[PDB]
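Here's a solo chain for you in structure tokens, the form deposited in one PDB entry.
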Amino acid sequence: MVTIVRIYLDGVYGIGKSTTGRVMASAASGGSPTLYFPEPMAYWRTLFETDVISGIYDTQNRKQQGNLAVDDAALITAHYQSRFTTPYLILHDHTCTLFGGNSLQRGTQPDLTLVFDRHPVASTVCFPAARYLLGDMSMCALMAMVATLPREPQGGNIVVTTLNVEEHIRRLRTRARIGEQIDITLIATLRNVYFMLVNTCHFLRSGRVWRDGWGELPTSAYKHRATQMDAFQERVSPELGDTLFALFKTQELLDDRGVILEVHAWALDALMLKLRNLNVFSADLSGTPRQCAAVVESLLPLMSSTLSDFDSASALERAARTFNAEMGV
């Protein structure tokens, strides 16, 4: 038998996710034998007749320019948003058959650590949520995305990466073209959405449910605040209004009476059940890559581990080798 700790590293782009993950996988970094699963980049650019990275931001240009109807521009955007998801769903279907069960917090160092660049939450929930709040996407499209989030089986750990805005923009800046513009509005919205995610999991871990405070909560003004730089944070004890659930109390989902339809309630039930099994953490990436790797590394004692066998652990290693080689550039 083999003890396994699995970690999804997530957050806003340009913070230092991949670099931290690669260092964590290194071996110069010590700790437990670690396997890194990078972003499925080939899948997006190189394996099919289209570059989904192109399309996404490009559609936001064609719509601005007046190159495609705004009704069409919300539709082809959505389809690309959908394509981001596919490789994550596939990786998830594959590896969940191998983690094993017996989730526990065992405190000791595992036989083996897995590190995934991004959890399926990123492309099915967070990124679409951002786009909906900015007005690039409808509620109906968001629900299309959100419904495709898979259930996390027992044992999962998600580490959301944090960083002060100054340094984050500075980090994007160094990596940007000549005098290329940075989308401050998107990052600001994406930064809040990830705080809403961290808050949500805290909420659910404290035994609370999306109905706890629903009647009192105002209708979702809300979208203004969602784009406001630093309007949201990691909260000690989260209230419904600090979580993702709050964006769903809007008119498009309610009665004539003002009561949410039971069918959208079912949708919020599913989002809850699906995030239940994600043990949540924060990691500040202020340091150098080495120091970042250590900030995440020191979260291990509170992390959940599963018991798997030697044959599955090997199957996870071939998976990682297969994934790295098939997803590069």
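The term rigid core refers to the maximal set of C-alpha atoms that superpose within 1.5 Å between the two forms. All residue numbers are counted from 1 along the displayed sequence.
Asker: Checking the other PDB entries with both flanking residues built, is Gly66 absent in a third or more?
Answerer: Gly66: modelled in all of the comparison entries.
Asker: Counting only other entries where the flanking residues are modelled, do a third or more lack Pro301?
Answerer: No, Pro301 has coordinates in all the other entries compared.
Asker: Counting only residues of the deposited sequence, how many between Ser220 and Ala221 have no atoms in the entry (none, 1 to 3, 4 to 9, 10 or more)?
Answerer: Unmodelled stretch: 1 to 3 residues, a short break.
Asker: Could you check which stretch, 262 to 270 or 66 to 74, carries the larger mean CA temperature factor in the entry?
Answerer: It is 66 to 74.
Asker: Please work out which of 282 to 290 and 48 to 56 has the higher mean CA B-factor as recorded in the PDB entry.
Answerer: Between 48 to 56 and 282 to 290, it is 48 to 56 that shows the higher mean C-alpha B-factor.
Asker: By the CA temperature factor listed in this entry, which of these ranks top: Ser138, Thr161, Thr227, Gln154?
Answerer: Reading the PDB entry, the winner on C-alpha B-factor is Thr227.
Asker: Tell me which of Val329, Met1, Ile7, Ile4 tops the list for C-alpha B factor in the record.
Answerer: Of the options given, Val329 has the highest CA B-factor in the PDB entry.
Asker: Going by what the PDB entry lists, where does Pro150 fall on CA B-factor within its chain: lowest, middle or highest third?
Answerer: Answer is lowest: the recorded C-alpha B-factor places it there.
Asker: Relative to the other modelled residues in the chain, which third contains the C-alpha temperature factor of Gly215: lowest, middle or highest?
Answerer: For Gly215, whose C-alpha B-factor we compare with every modelled residue in the chain, the answer is the highest third.
Asker: What third of its chain's C-alpha B-factors does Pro128 belong to: lowest, middle or highest?
Answerer: For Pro128, the deposited C-alpha B-factor lands in the lowest third.
Asker: Could you tell me which third, lowest, middle or highest, the C-alpha B-factor of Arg83 occupies within its chain?
Answerer: CA B-factor rank for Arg83: middle third.
Asker: According to the PDB entry, is the CA B factor of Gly179 in the bottom, middle or top third of its chain, that is, lowest, middle or highest?
Answerer: It belongs to the highest third of the chain when residues are ordered by C-alpha B-factor.
Omitted here: the form deposited in another entry. The next part is about that form.
Asker: Taking the rigid core as reference, which of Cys140, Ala176, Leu89, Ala147 is displaced at the C-alpha by at least 2 Å between the shown form and the other one?
Answerer: So the residue whose C-alpha moves 2 Å or more is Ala176.
Asker: Closer or farther: the C-alpha atoms of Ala176 and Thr185 in the other form, versus the form shown, with a change of 3 angstroms or more?
Answerer: Farther apart in the other form, by 3 Å or more.
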